[PDB]
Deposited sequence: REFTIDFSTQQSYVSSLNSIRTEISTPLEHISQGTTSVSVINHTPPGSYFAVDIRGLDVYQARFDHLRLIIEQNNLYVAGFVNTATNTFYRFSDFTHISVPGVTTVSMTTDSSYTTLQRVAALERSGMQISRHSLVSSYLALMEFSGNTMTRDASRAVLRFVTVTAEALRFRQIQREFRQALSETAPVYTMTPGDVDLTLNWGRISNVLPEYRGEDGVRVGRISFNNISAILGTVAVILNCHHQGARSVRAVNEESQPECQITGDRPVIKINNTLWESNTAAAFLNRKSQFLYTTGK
């Protein structure tokens, strides 16, 4: 499966994302309005991937058109990037099980974790700026890249492209906030702490939302949703939790408390305190 994400306009960009979601996921019965839903990634065998061709960095122009992302389908992780001009797939070290036919695969020493990427990039995601201009710069940095080890500029490029492709696929909130940067005003998208927290809690959210049945709220660690419009405005695509990211510990996805659906592990993590006087004096 090959898809284009076209950055030409907010319309082309959101259309591209929506088409991908439609093809790879199925709406949750209870979190769906029209064709706008929280969707569960359809099961594929491990190692299944789809390709994303990056288009439209220069609005409606057939240039800057040699970057492809390889995305593991079950988890939406970017496994690496393809320079289609050189026919070279630069693959992160945690995706040696992803085989792409027809390309030269460069297995890199660098793993795809945000911790590693942010270190190599010297760039924290919280406060990271993305604009059309810096996506063109990212494109150029990835096309110039060669070798088995991520450089600083190639890592910054991957941070930006992953945010605006895979993370936006997962999170309507990121799609909505970033797409402003594609308008003729060309403002800057700044990733917020909240955006980052959303990405970090994707597996936990995925384990909780399939249990939602119209409760007045949803609480998953630091994440709060207060109505269905908050859910839909924030989340678009979740893992199929019925992946190792679905479960932390225990076997109880949710507890309903006072008409709010809680991740059970969150409640357990603040209901495990002993008597405060005894705690504080038992030093």
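Participant: From the N-terminus onward, what segments of the deposited sequence lack any C-alpha atom in this model?
Facilitator: Since the structure holds only modelled residues, the one stretch it omits is 243-256.
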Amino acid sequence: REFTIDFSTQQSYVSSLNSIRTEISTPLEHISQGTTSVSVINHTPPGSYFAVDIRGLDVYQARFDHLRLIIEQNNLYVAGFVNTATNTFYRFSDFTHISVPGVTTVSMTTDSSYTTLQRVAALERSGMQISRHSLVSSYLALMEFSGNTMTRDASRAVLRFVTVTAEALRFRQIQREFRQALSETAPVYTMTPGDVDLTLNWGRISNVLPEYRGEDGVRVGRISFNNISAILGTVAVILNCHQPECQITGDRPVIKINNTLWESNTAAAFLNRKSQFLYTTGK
From here on, numbers count along this sequence of modelled residues.
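Participant: When the C-alpha temperature factors are averaged for each of 194-202 and 138-146, which stretch ends up with the higher value in the entry?
Facilitator: Higher of the two, by average CA B-factor, is 138-146.
Participant: Name the higher of the two by mean Cα B-factor in the PDB entry, 166-174 versus 108-116.
Facilitator: Result: 108-116.
Participant: Whose C-alpha has the highest temperature factor in the PDB entry: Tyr90, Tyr77, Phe161, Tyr212?
Facilitator: Highest C-alpha B-factor among the listed options: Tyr212.
Participant: Which one, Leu182, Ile71, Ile130, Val82, has the peak C-alpha temperature factor per the PDB entry?
Facilitator: When the deposited C-alpha B-factors of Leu182, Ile71, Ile130, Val82 are compared, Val82 is largest.
Participant: State the tercile, meaning the lowest, middle or highest third, of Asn226 with respect to the CA B-factors recorded for its chain.
Facilitator: It belongs to the highest third of the chain when residues are ordered by C-alpha B-factor.
Participant: What third of its chain, lowest, middle or highest, does the C-alpha temperature factor of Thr266 fall into?
Facilitator: Lowest third of the chain for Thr266's C-alpha B-factor.
Participant: Could you look up the Cα B-factor of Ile257 in the entry and say which third of the chain it sits in: lowest, middle or highest?
Facilitator: It belongs to the highest third of the chain when residues are ordered by C-alpha B-factor.
Participant: When the deposited Cα B-factors of this chain's modelled residues are ordered and cut into thirds, is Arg219 in the lowest, the middle or the highest one?
Facilitator: According to the entry, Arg219 has a C-alpha B-factor in the chain's lowest third.
Participant: Split the chain's modelled residues into thirds by Cα B-factor; is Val235 in the lowest, middle or highest one?
Facilitator: Answer is lowest: the recorded C-alpha B-factor places it there.
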